[PDB]
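Shown here: model.pdb, PDB, C-alpha atoms and all ligand atoms.
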ATOM      1  CA  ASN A   1     -17.350   2.326  15.691  1.00  0.00           C
ATOM      2  CA  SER A   2     -15.566   5.428  14.371  1.00  0.00           C
ATOM      3  CA  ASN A   3     -17.718   7.913  12.355  1.00  0.00           C
ATOM      4  CA  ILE A   4     -15.020   8.599   9.728  1.00  0.00           C
ATOM      5  CA  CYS A   5     -13.240   6.303   7.214  1.00  0.00           C
ATOM      6  CA  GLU A   6      -9.959   5.020   8.580  1.00  0.00           C
ATOM      7  CA  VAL A   7      -8.144   5.572   5.243  1.00  0.00           C
ATOM      8  CA  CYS A   8      -9.396   8.985   3.920  1.00  0.00           C
ATOM      9  CA  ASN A   9     -10.747  10.480   7.225  1.00  0.00           C
ATOM     10  CA  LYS A  10     -14.072  11.550   5.616  1.00  0.00           C
ATOM     11  CA  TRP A  11     -17.646  10.621   6.603  1.00  0.00           C
ATOM     12  CA  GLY A  12     -20.006   9.063   4.155  1.00  0.00           C
ATOM     13  CA  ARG A  13     -21.425   5.550   3.527  1.00  0.00           C
ATOM     14  CA  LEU A  14     -19.237   3.578   5.968  1.00  0.00           C
ATOM     15  CA  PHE A  15     -18.957  -0.179   6.652  1.00  0.00           C
ATOM     16  CA  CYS A  16     -18.080  -0.931  10.214  1.00  0.00           C
ATOM     17  CA  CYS A  17     -15.675  -3.637  11.427  1.00  0.00           C
ATOM     18  CA  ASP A  18     -17.189  -6.164  13.860  1.00  0.00           C
ATOM     19  CA  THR A  19     -13.995  -6.910  15.735  1.00  0.00           C
ATOM     20  CA  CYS A  20     -12.563  -3.435  16.114  1.00  0.00           C
ATOM     21  CA  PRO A  21     -13.899   0.163  16.097  1.00  0.00           C
ATOM     22  CA  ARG A  22     -12.673   1.111  12.591  1.00  0.00           C
ATOM     23  CA  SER A  23     -14.871   2.077   9.673  1.00  0.00           C
ATOM     24  CA  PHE A  24     -14.405   2.232   5.880  1.00  0.00           C
ATOM     25  CA  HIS A  25     -15.692   3.455   2.665  1.00  0.00           C
ATOM     26  CA  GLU A  26     -16.384   0.542   0.370  1.00  0.00           C
ATOM     27  CA  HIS A  27     -13.475   1.193  -2.041  1.00  0.00           C
ATOM     28  CA  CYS A  28     -11.145   2.726   0.619  1.00  0.00           C
ATOM     29  CA  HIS A  29     -10.842  -0.732   2.266  1.00  0.00           C
ATOM     30  CA  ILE A  30      -8.552  -3.158   0.458  1.00  0.00           C
ATOM     31  CA  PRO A  31      -9.874  -5.554  -0.616  1.00  0.00           C
ATOM     32  CA  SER A  32     -13.200  -3.632  -1.306  1.00  0.00           C
ATOM     33  CA  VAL A  33     -15.649  -4.263   1.585  1.00  0.00           C
ATOM     34  CA  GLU A  34     -17.187  -7.698   1.091  1.00  0.00           C
ATOM     35  CA  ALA A  35     -20.954  -7.918   0.064  1.00  0.00           C
ATOM     36  CA  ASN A  36     -22.193 -10.103   2.894  1.00  0.00           C
ATOM     37  CA  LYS A  37     -20.192 -11.744   5.781  1.00  0.00           C
ATOM     38  CA  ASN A  38     -21.656 -11.092   9.246  1.00  0.00           C
ATOM     39  CA  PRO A  39     -19.596 -10.641  11.276  1.00  0.00           C
ATOM     40  CA  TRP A  40     -17.127  -8.727   9.054  1.00  0.00           C
ATOM     41  CA  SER A  41     -13.541  -8.247  10.126  1.00  0.00           C
ATOM     42  CA  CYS A  42     -11.371  -5.467   8.476  1.00  0.00           C
ATOM     43  CA  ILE A  43      -7.835  -5.939   7.148  1.00  0.00           C
ATOM     44  CA  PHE A  44      -6.295  -4.548  10.347  1.00  0.00           C
ATOM     45  CA  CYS A  45      -8.082  -7.312  12.303  1.00  0.00           C
ATOM     46  CA  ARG A  46      -7.094 -10.002   9.763  1.00  0.00           C
ATOM     47  CA  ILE A  47      -3.442  -8.963   9.944  1.00  0.00           C
ATOM     48  CA  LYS A  48      -3.475  -9.043  13.759  1.00  0.00           C
ATOM     49  CA  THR A  49      -4.943 -12.602  13.656  1.00  0.00           C
ATOM     50  CA  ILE A  50      -2.010 -13.861  11.496  1.00  0.00           C
ATOM     51  CA  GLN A  51       0.445 -12.558  14.056  1.00  0.00           C
ATOM     52  CA  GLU A  52      -1.538 -14.045  16.961  1.00  0.00           C
ATOM     53  CA  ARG A  53      -1.750 -17.456  15.300  1.00  0.00           C
ATOM     54  CA  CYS A  54       2.026 -17.444  14.616  1.00  0.00           C
ATOM     55  CA  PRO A  55       3.901 -15.269  17.099  1.00  0.00           C
ATOM     56  CA  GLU A  56       7.236 -16.284  15.561  1.00  0.00           C
ATOM     57  CA  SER A  57       6.117 -14.513  12.343  1.00  0.00           C
ATOM     58  CA  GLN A  58       7.306 -11.294  14.080  1.00  0.00           C
ATOM     59  CA  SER A  59      10.957 -12.395  14.382  1.00  0.00           C
ATOM     60  CA  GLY A  60      13.280 -10.521  12.003  1.00  0.00           C
ATOM     61  CA  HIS A  61      13.447 -11.435   8.325  1.00  0.00           C
ATOM     62  CA  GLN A  62      15.777 -10.566   5.519  1.00  0.00           C
ATOM     63  CA  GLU A  63      14.202  -8.397   2.761  1.00  0.00           C
ATOM     64  CA  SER A  64      15.660 -10.674   0.094  1.00  0.00           C
ATOM     65  CA  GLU A  65      13.787 -13.696   1.456  1.00  0.00           C
ATOM     66  CA  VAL A  66      10.554 -11.691   1.826  1.00  0.00           C
ATOM     67  CA  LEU A  67      10.674 -10.519  -1.769  1.00  0.00           C
ATOM     68  CA  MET A  68      11.012 -14.083  -3.128  1.00  0.00           C
ATOM     69  CA  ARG A  69       7.934 -15.305  -1.367  1.00  0.00           C
ATOM     70  CA  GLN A  70       5.130 -16.515  -3.523  1.00  0.00           C
ATOM     71  CA  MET A  71       1.847 -14.631  -3.288  1.00  0.00           C
ATOM     72  CA  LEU A  72      -0.073 -17.184  -1.218  1.00  0.00           C
ATOM     73  CA  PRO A  73      -3.146 -15.834   0.740  1.00  0.00           C
ATOM     74  CA  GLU A  74      -1.195 -14.470   3.720  1.00  0.00           C
ATOM     75  CA  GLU A  75       1.351 -12.615   1.573  1.00  0.00           C
ATOM     76  CA  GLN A  76      -1.491 -11.307  -0.666  1.00  0.00           C
ATOM     77  CA  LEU A  77      -3.143  -9.932   2.463  1.00  0.00           C
ATOM     78  CA  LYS A  78       0.036  -8.357   3.724  1.00  0.00           C
ATOM     79  CA  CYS A  79       0.576  -6.546   0.394  1.00  0.00           C
ATOM     80  CA  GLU A  80      -3.031  -5.338   0.390  1.00  0.00           C
ATOM     81  CA  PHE A  81      -2.519  -3.955   3.905  1.00  0.00           C
ATOM     82  CA  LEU A  82       0.787  -2.278   2.944  1.00  0.00           C
ATOM     83  CA  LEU A  83      -0.966  -0.675  -0.075  1.00  0.00           C
ATOM     84  CA  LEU A  84      -3.760   0.493   2.215  1.00  0.00           C
ATOM     85  CA  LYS A  85      -1.268   2.023   4.676  1.00  0.00           C
ATOM     86  CA  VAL A  86       0.041   4.206   1.810  1.00  0.00           C
ATOM     87  CA  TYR A  87      -3.513   5.337   0.877  1.00  0.00           C
ATOM     88  CA  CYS A  88      -3.894   6.250   4.550  1.00  0.00           C
ATOM     89  CA  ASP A  89      -1.514   9.204   4.018  1.00  0.00           C
ATOM     90  CA  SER A  90      -3.194  12.148   2.442  1.00  0.00           C
ATOM     91  CA  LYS A  91      -0.159  12.743   0.206  1.00  0.00           C
ATOM     92  CA  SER A  92      -1.043   9.531  -1.613  1.00  0.00           C
ATOM     93  CA  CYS A  93      -3.418  11.673  -3.727  1.00  0.00           C
ATOM     94  CA  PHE A  94      -0.476  12.653  -5.904  1.00  0.00           C
ATOM     95  CA  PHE A  95       0.295   9.037  -6.786  1.00  0.00           C
ATOM     96  CA  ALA A  96      -3.220   7.507  -6.956  1.00  0.00           C
ATOM     97  CA  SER A  97      -4.340   8.099 -10.520  1.00  0.00           C
ATOM     98  CA  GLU A  98      -2.668   7.847 -13.920  1.00  0.00           C
ATOM     99  CA  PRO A  99      -0.033  10.575 -14.302  1.00  0.00           C
ATOM    100  CA  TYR A 100       0.950  12.577 -17.369  1.00  0.00           C
ATOM    101  CA  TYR A 101       4.284  14.185 -18.185  1.00  0.00           C
ATOM    102  CA  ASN A 102       4.815  17.509 -19.998  1.00  0.00           C
ATOM    103  CA  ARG A 103       7.436  19.640 -18.245  1.00  0.00           C
ATOM    104  CA  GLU A 104      10.121  21.682 -19.954  1.00  0.00           C
ATOM    105  CA  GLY A 105      13.483  19.961 -19.489  1.00  0.00           C
ATOM    106  CA  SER A 106      12.121  16.515 -18.494  1.00  0.00           C
ATOM    107  CA  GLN A 107      10.984  13.418 -20.233  1.00  0.00           C
ATOM    108  CA  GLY A 108       8.320  11.083 -18.826  1.00  0.00           C
ATOM    109  CA  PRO A 109       9.229   7.663 -17.432  1.00  0.00           C
ATOM    110  CA  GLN A 110       9.481   4.625 -19.604  1.00  0.00           C
ATOM    111  CA  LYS A 111       7.145   2.714 -17.315  1.00  0.00           C
ATOM    112  CA  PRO A 112       4.534   4.876 -15.620  1.00  0.00           C
ATOM    113  CA  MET A 113       2.989   3.474 -12.439  1.00  0.00           C
ATOM    114  CA  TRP A 114       0.403   4.582  -9.952  1.00  0.00           C
ATOM    115  CA  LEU A 115      -1.427   3.364  -6.841  1.00  0.00           C
ATOM    116  CA  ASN A 116      -4.723   2.523  -8.523  1.00  0.00           C
ATOM    117  CA  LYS A 117      -2.848   0.431 -11.111  1.00  0.00           C
ATOM    118  CA  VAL A 118      -1.157  -1.506  -8.263  1.00  0.00           C
ATOM    119  CA  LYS A 119      -4.553  -1.865  -6.576  1.00  0.00           C
ATOM    120  CA  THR A 120      -6.035  -3.385  -9.783  1.00  0.00           C
ATOM    121  CA  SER A 121      -3.044  -5.624 -10.208  1.00  0.00           C
ATOM    122  CA  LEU A 122      -3.459  -7.028  -6.712  1.00  0.00           C
ATOM    123  CA  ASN A 123      -7.202  -7.455  -7.190  1.00  0.00           C
ATOM    124  CA  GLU A 124      -6.618  -9.354 -10.484  1.00  0.00           C
ATOM    125  CA  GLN A 125      -3.882 -11.596  -8.832  1.00  0.00           C
ATOM    126  CA  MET A 126      -1.255 -10.395 -11.291  1.00  0.00           C
ATOM    127  CA  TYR A 127       1.686 -10.641  -8.902  1.00  0.00           C
ATOM    128  CA  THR A 128       3.089 -14.114  -8.318  1.00  0.00           C
ATOM    129  CA  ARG A 129       5.722 -12.969  -5.777  1.00  0.00           C
ATOM    130  CA  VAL A 130       6.000 -10.219  -3.189  1.00  0.00           C
ATOM    131  CA  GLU A 131       8.869  -8.794  -5.305  1.00  0.00           C
ATOM    132  CA  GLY A 132       6.385  -7.852  -8.111  1.00  0.00           C
ATOM    133  CA  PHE A 133       4.284  -5.729  -5.849  1.00  0.00           C
ATOM    134  CA  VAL A 134       7.251  -4.054  -4.053  1.00  0.00           C
ATOM    135  CA  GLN A 135       8.952  -3.290  -7.405  1.00  0.00           C
ATOM    136  CA  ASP A 136       5.852  -1.518  -8.758  1.00  0.00           C
ATOM    137  CA  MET A 137       5.454   0.408  -5.484  1.00  0.00           C
ATOM    138  CA  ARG A 138       9.068   1.587  -5.450  1.00  0.00           C
ATOM    139  CA  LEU A 139       8.799   2.472  -9.197  1.00  0.00           C
ATOM    140  CA  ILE A 140       6.051   4.984  -8.427  1.00  0.00           C
ATOM    141  CA  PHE A 141       8.443   7.041  -6.275  1.00  0.00           C
ATOM    142  CA  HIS A 142      11.505   6.507  -8.417  1.00  0.00           C
ATOM    143  CA  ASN A 143       9.597   7.806 -11.547  1.00  0.00           C
ATOM    144  CA  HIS A 144       8.513  10.874  -9.541  1.00  0.00           C
ATOM    145  CA  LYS A 145      12.087  11.641  -8.362  1.00  0.00           C
ATOM    146  CA  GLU A 146      13.524  11.397 -11.773  1.00  0.00           C
ATOM    147  CA  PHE A 147      10.826  13.484 -13.558  1.00  0.00           C
ATOM    148  CA  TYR A 148      10.698  16.346 -11.085  1.00  0.00           C
ATOM    149  CA  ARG A 149      14.504  16.686 -10.896  1.00  0.00           C
ATOM    150  CA  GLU A 150      15.349  19.728  -8.809  1.00  0.00           C
ATOM    151  CA  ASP A 151      11.818  20.963  -8.317  1.00  0.00           C
ATOM    152  CA  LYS A 152      10.955  20.950  -4.642  1.00  0.00           C
ATOM    153  CA  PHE A 153       7.870  18.795  -5.560  1.00  0.00           C
ATOM    154  CA  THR A 154      10.287  15.852  -5.698  1.00  0.00           C
ATOM    155  CA  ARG A 155       9.978  15.809  -1.909  1.00  0.00           C
ATOM    156  CA  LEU A 156       6.433  14.440  -2.092  1.00  0.00           C
ATOM    157  CA  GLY A 157       7.962  11.178  -3.538  1.00  0.00           C
ATOM    158  CA  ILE A 158      10.480  10.988  -0.705  1.00  0.00           C
ATOM    159  CA  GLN A 159       7.782  11.485   1.830  1.00  0.00           C
ATOM    160  CA  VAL A 160       5.332   8.881   0.560  1.00  0.00           C
ATOM    161  CA  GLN A 161       8.158   6.392  -0.119  1.00  0.00           C
ATOM    162  CA  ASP A 162       9.193   6.745   3.521  1.00  0.00           C
ATOM    163  CA  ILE A 163       5.642   5.773   4.611  1.00  0.00           C
ATOM    164  CA  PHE A 164       5.768   2.805   2.263  1.00  0.00           C
ATOM    165  CA  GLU A 165       9.199   1.631   3.510  1.00  0.00           C
ATOM    166  CA  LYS A 166       8.391   1.975   7.256  1.00  0.00           C
ATOM    167  CA  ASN A 167       5.198   0.018   6.787  1.00  0.00           C
ATOM    168  CA  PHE A 168       6.970  -2.644   4.632  1.00  0.00           C
ATOM    169  CA  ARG A 169       9.514  -3.187   7.440  1.00  0.00           C
ATOM    170  CA  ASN A 170       6.677  -3.399  10.032  1.00  0.00           C
ATOM    171  CA  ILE A 171       4.222  -5.634   8.184  1.00  0.00           C
ATOM    172  CA  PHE A 172       6.814  -8.109   6.890  1.00  0.00           C
ATOM    173  CA  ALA A 173       8.861  -8.008  10.160  1.00  0.00           C
ATOM    174  CA  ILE A 174      12.092  -7.022   8.468  1.00  0.00           C
ATOM    175  CA  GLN A 175      15.131  -7.439  10.815  1.00  0.00           C
ATOM    176  CA  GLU A 176      15.970  -4.150  12.413  1.00  0.00           C
ATOM    177  CA  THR A 177      19.399  -2.665  11.515  1.00  0.00           C
ATOM    178  CA  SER A 178      21.538   0.430  12.100  1.00  0.00           C
TER     179      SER A 178
HETATM  180 ZN    ZN A 201     -12.540   6.570   2.740  1.00  0.00          ZN
HETATM  181 ZN    ZN A 202     -11.194  -4.378  12.404  1.00  0.00          ZN
HETATM  182 ZN    ZN A 203       2.855 -21.160  14.856  1.00  0.00          ZN
END
Step by step, read the file and then write its structure as structure tokens.
Ligand SMILES: [Zn+2]
Ligand SMILES: [Zn+2]
Ligand SMILES: [Zn+2]
Amino acid sequence: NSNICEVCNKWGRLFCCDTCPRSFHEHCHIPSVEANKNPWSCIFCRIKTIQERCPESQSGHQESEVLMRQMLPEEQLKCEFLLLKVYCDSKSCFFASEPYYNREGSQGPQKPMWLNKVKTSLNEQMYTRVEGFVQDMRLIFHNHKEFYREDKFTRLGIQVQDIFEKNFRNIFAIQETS
């Protein structure tokens, strides 16, 4: 096994996957690393199994059909993995915890949103369709773009949204386009 957490790249109290060499902090893994279960298989492993059991699941899909899917177990897992892929980027620190807004010339968003809020919402099964999760994710970056206006800090939202969008297209096998 690796000696650092796959998500945050730090050592510490790590739980090791039994079917691959990755390791995790307890609350870095999504869902949080399960109490018992020997062997234990990480989310990366669980996602790879879905693909292996249904190879046709990798054929191209339309985003509109993906968004309308109900949050059954496999779509729940995919959203958890997508969320975790965002946390994997160190720039996710800016979007993790609850923001506050007091900048001359700007007004805060009407609906603040942040990664840990999305994490809780997934844990509490608050999304009934993929669309709910994707909307909240995209709202994080849209709120950031609007608030920071012409400040160069707006670029952090572009950057992390790009990681989100690339991973969304990969995990949900969105049809490739020009
Ligand atoms: Zn970690
Ligand atoms: Zn694994
Ligand atoms: Zn099949």
With ligand ZN 203 (chain A) as the partner and 9 Å as the cut-off, tabulate the residues of chain A that qualify, each row holding the nearest pair of atoms and their distance in Å to one decimal, using all atoms listed in the file, sorted by chain and rising number, as a tab-separated table.
residue	atom	partner	partner_atom	distance
A:51	CA	A:ZN203	ZN	9.0
A:52	CA	A:ZN203	ZN	8.6
A:53	CA	A:ZN203	ZN	5.9
A:54	CA	A:ZN203	ZN	3.8
A:55	CA	A:ZN203	ZN	6.4
A:56	CA	A:ZN203	ZN	6.6
A:57	CA	A:ZN203	ZN	7.8
The PyMOL selection byres (((not hetatm)) within 12 of (chain A and resi 201)) applied to the shown file, residues as a ChimeraX atom specification: /A:3-16,22-30,32-33,84,87-90
CA of residue 100 in chain A to CA of residue 147 in chain A, straight-line distance in Å: 10.6 Å
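The neighbours of residue 107 in chain A here are the residues that come within 10 Å of it, using all atoms listed in the file and leaving out any residue fewer than 3 positions away in the same chain; they are residues 101, 102, 103, 104, 110, 146, 147 and 148 of chain A.
When you apply the PyMOL selection byres (((chain A and resi 81) around 10) and not hetatm) to this structure, what comes back is residues 29, 30, 31, 43, 44, 46, 47, 75, 76, 77, 78, 79, 80, 82, 83, 84, 85, 86, 87, 167, 168 and 171 of chain A.
Each of A:118, A:163, A:20, A:113 was compared to residue 98 in chain A using only C-alpha atoms, and A:113 turns out to be the nearest.
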Within 10 Å of range 137-145 of chain A, which residues of range 99-118 of chain A come that close, and what is the closest atom pair and distance in Å for each? Count all atoms listed in the file and give it as a Markdown table.
| residue | atom | partner | partner_atom | distance |
| --- | --- | --- | --- | --- |
| A:99 | CA | A:144 | CA | 9.8 |
| A:108 | CA | A:143 | CA | 8.1 |
| A:109 | CA | A:143 | CA | 5.9 |
| A:110 | CA | A:143 | CA | 8.7 |
| A:111 | CA | A:143 | CA | 8.1 |
| A:112 | CA | A:143 | CA | 7.1 |
| A:113 | CA | A:140 | CA | 5.3 |
| A:114 | CA | A:140 | CA | 5.9 |
| A:115 | CA | A:137 | CA | 7.6 |
| A:118 | CA | A:137 | CA | 7.4 |
Closest of A:61, A:37, A:149, A:129 to residue 169 in chain A - atom-to-atom distances counting all atoms listed in the file: A:61
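Of the listed residues (A:177, A:1, A:128, A:154), A:128 comes nearest to residue 68 in chain A; the distances count only C-alpha atoms.
Counting from CA of residue 18 in chain A, the distance to CA of residue 119 in chain A is 24.4 Å.
The residue that comes closest to ligand ZN 202 (chain A), out of A:116, A:41, A:170, A:135 and on the basis of all atoms listed in the file, is A:41.
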Distance of CA of residue 153 in chain A from CA of residue 133 in chain A, expressed in Å to one decimal place: 24.8 Å
Residue nearest residue 66 in chain A - candidates A:173, A:105, A:126, A:117, atoms counted: all atoms listed in the file: A:173
Residue nearest residue 174 in chain A - candidates A:72, A:67, A:96, A:160, atoms counted: all atoms listed in the file: A:67
